[PDB]
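Two forms of the same protein chain are encoded below as structure tokens; each is given separately, as structure 1 and structure 2.
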Structure 1
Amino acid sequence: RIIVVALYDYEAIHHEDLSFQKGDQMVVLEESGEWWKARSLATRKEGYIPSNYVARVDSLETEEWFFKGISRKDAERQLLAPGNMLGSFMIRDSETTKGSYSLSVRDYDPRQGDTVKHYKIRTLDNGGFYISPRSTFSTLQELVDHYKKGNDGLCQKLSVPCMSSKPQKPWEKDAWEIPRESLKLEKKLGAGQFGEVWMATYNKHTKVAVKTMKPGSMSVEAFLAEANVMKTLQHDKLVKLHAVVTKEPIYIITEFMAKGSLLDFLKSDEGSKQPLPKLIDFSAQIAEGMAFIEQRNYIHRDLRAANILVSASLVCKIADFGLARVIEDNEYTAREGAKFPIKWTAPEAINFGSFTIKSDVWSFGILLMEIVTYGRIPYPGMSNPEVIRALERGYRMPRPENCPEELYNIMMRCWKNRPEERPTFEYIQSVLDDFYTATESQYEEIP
């Protein structure tokens, strides 16, 4: 008997699902995947439900100011998003203290601009919580109501909970390999060497993107084996693979990303106006994605701004991870020109076909330069043979205008000729995540 309460408004997309009145009471049965079967209270008939729309009644997951799952870094991004105000806040699980909590509050000063301050919410041994010992509370709800009435030592008085959008409905049960007929291709987004990309509708109810691979470009079995690894690479900064059509021409089905590639974005009216701290935040988002790929012993093989996608809310998501591996070299793909771009590719990958996480690190440094130049071609003024020979003699792209020296230093580290000398994405992540907050403490010590 596990009791669970609803949270959002959702009607059955399928024919087996129930209703959500933004408030209800349910009791879960089986807990496989992201769809759960639950015994509900309207009234004595049930079915399957999306797990991300519900929560246990005991935990704080029901509270509007609590954000389960998210990181410190993501708390900051969420809060600094447009639509939030001074003293906007959230409570989340602590990162550096298991079982305890953290308060994140949107702040402002003329000297540092918009910032997010973090406070340790310590738990008392016999029940209750405090930030400062002189002010303890039975519940986190009491803590919140307290600091809503006055800052009492915090940077700001709490105003309203961090805004949040209703999450993506989880993908249909056991719909990994789907029929081609289940997709309606509505708008061609782009045409490339080995396939096209379409905006499309799945089963007349869900917006997706579909990459349609050219006949001759991939083998069904080799692709499916690889895709079965790709789908498990689940992370906020990787684009999500929903499903595949396992019949030539092979279709790849993913979440749709409203702002297209980061390269397109940086070259748009809107993206060309992003300020440098936002550019650095894109870099950090990609580094986080790559550190996950690195921790999972996977290889991207074609990391560049063109293969980064951008959401409506400016989340960067890595796409085409691993795809280059299963694009075949034959008479068909050959008449399409270069398989990989020389200017983005590590020298050992070019010279010997040695693709590793370390050649991805090389590509990342190039991507960094693409970002800070808003999508300029690498090595301007140079041919491909000229780039290769210059690189062999220690030439590296010089630092451009409007590039912080520490960002350049990171690029130069990525561009070591010997791969073992290049940093880890775990390192790159940490430096970029803390780029502007290096000489600052994690949490504020409130008297």
Structure 2
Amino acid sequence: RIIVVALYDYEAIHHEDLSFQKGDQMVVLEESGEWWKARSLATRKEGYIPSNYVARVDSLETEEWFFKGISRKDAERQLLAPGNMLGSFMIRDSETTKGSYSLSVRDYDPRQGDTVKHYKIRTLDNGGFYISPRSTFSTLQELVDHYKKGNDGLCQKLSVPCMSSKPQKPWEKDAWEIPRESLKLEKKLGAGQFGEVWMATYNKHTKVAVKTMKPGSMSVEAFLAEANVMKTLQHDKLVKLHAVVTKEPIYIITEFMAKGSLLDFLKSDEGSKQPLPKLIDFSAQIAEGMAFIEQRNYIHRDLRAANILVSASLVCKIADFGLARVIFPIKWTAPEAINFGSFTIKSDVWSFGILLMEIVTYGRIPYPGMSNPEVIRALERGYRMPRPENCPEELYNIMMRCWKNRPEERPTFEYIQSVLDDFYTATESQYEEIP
């Protein structure tokens, strides 16, 4: 008999799913992935619930200050999000110490401004917890209550848990292939050589985006094959594919990203007011997404700001991954792909360097003034785009390493991400040590 408690309010929108409130307890009848079958102890009703909206009773996940599956960098990002203040904190799973926990706290100093500090929490293998060996607690809540009184070694006194946000509702169960009649394409966002993109509604309850592909250009059994791989590439920094209409013309259904492309966002007014450290964070998010693709031994083939999407909370997500395979733009392309058609993960690295320049120049076109054949004649000679007035030397150095004539001499995305993530933090300063 497994009992869970709702972490957030939820309103049913399907046939057999349950509505519930935060605090509602339920009995698990079936664990079947993103959707669980359960009985509400409040309503006595049986039905389906989103598994990531619930957690077992009195487990850490029920605590308002606990954040599961959160990396140090994500914690930093979430803590520096609007709605938070000094002392805003979170207890989270340790990234570099499996099985253990870490404390992240919002801090401030006149030199650096608003910052986030991180403290290792040590388990006593018997066993309570401590950050300082001279101060030990039975539970994490006790630790939290202690440091709420005063910093006692910490950079700041603990105040209020990090502001959280509802997770996205999971897509309808067993609805990868949908009938076209389930969609209403309401507003056309853009149109191009290979098709259009629309803002749409699925079954009158879910806002989505739909990419409509012109029959051509390309094969429908080459797409359907690739589409079953693209669905397995799930990551926070890759746009989520929800569904596909298999009858030509092909429709591709994904999550709606409220702020459109990165390219358009950088040229906008809200984008023009983003400081350099924010632009670097954008790059780091994209590198994280590309490190995932690299790790899954996949390729993108069309990396540029136009194919990066931006959410309302300024999360960058990679789009059109693995679409060029089953189907402008030589300024983003590696020499070995322009000349020999050799597309690898290393050619994407070349593309990333160019994208980096787009970001730092707020959407300026690569090689301004030059032309497509005119650029190719510059790569042979060994010409590279000069450093802009707002680009740091070390940032420009990353571009140069991406722009090596020899693909083998180009760094991995795993490395690029690690550099960009900690661009402003010395390695020795990642965690804070307290006696």
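Counting starts at 1 with the first residue of structure 1 and goes up one by one along its sequence. What we label the rigid core is the largest C-alpha set whose atoms superpose within 1.5 Å from one form to the other.
In a rigid core superposition between structure 1 and structure 2, 39 is the single residue of 39, 396, 389, 68 whose Cα is displaced by 2 Å or more. Superposition of the core reveals a Cα shift of 2 Å or more for residue 24 between structure 1 and structure 2. Comparison between structure 1 and structure 2 places the CA of residue 218 2.4 angstrom away from its other position, after core fitting. Taking the core as the reference frame, the CA atom of residue 82 shifts 1.1 angstrom between structure 1 and structure 2. Superposed on the rigid core, the forms differ at residue 439: its CA is offset by 5.1 Å between structure 1 and structure 2.
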